[PDB]
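Novice: Just dropping in an experimental structure and the matching sequence.
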Number of protein chains: 2
Amino acid sequence: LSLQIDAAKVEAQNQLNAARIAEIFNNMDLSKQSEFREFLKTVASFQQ
Amino acid sequence: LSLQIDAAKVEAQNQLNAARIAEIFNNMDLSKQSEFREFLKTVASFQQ
């Protein structure tokens, strides 16, 4: 049951951490991609 | 069954994390490649 709780922790940890990882990545990336686009769009503008 | 749930977690974790990894990479890269192109295209423009 300890090994279990250990798994339970390792899992909880992995889960909240999963959650954390999943989130951070999604937030970081999606947003990042989209904003970088702006940057490009503007560099463009600027050229003209 | 615990080892199983442990695998189930390790797997769930690996899965959502997989998902996370797969996504972030794809988003980060595809987008990144394409935008960097813009940059080049413009540097070009600028030259002229």
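Specialist: Good, I have the coordinates. Numbers count the residues shown, from 1 in each chain, chains lettered A, B, ... in the order given.

Novice: Can you pull up the residues of chain A that come close to chain B?
Specialist: A:3-4, A:7, A:10-11, A:14-15, A:17-18, A:21-22, A:25-26, A:28-30, A:32-33, A:36-37, A:39-40, A:43-44, A:47 (Cβ under 8 Å from any Cβ of the partner chain). C-beta: built from backbone N, CA, C; applies to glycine.

Novice: so of the residues you listed, which ones are in helices?
Specialist: Among those, the ones falling in helices (DSSP state H) are A:3-4, A:7, A:10-11, A:14-15, A:17-18, A:21-22, A:25-26, A:32-33, A:36-37, A:39-40, A:43-44, A:47.

Novice: Could you pick out the buried ones from the residues you listed?
Specialist: For those, a neighbour count by 16 or more other Cβ atoms under 10 Å in any protein chain shown gives the buried set as A:7, A:10-11, A:14-15, A:18, A:21-22, A:25, A:33, A:36, A:40, A:43.

Novice: Name the nearest residue to the residue in chain A positioned nearest to chain B, sequence neighbours excluded.
Specialist: Using Cβ to the nearest Cβ, the point where chain A gets nearest to chain B is residue A:11, with a distance of 3.7 Å. Distances taken as Cβ to Cβ, 6 or more residues apart in numbering or on different chains place residue B:9 nearest to residue A:11, at 3.7 Å, with adjacent residues excluded.

Novice: and that neighbour, how many neighbours?
Specialist: Residue B:9 has 20 neighbours, counted by other Cβ atoms under 10 Å in any protein chain shown.

Novice: Which residues are in contact with it?
Specialist: For residue B:9, the contacting residues are A:7, A:10-11, A:14-15, by Cβ atoms under 8 Å, 6 or more residues apart in numbering or on different chains.
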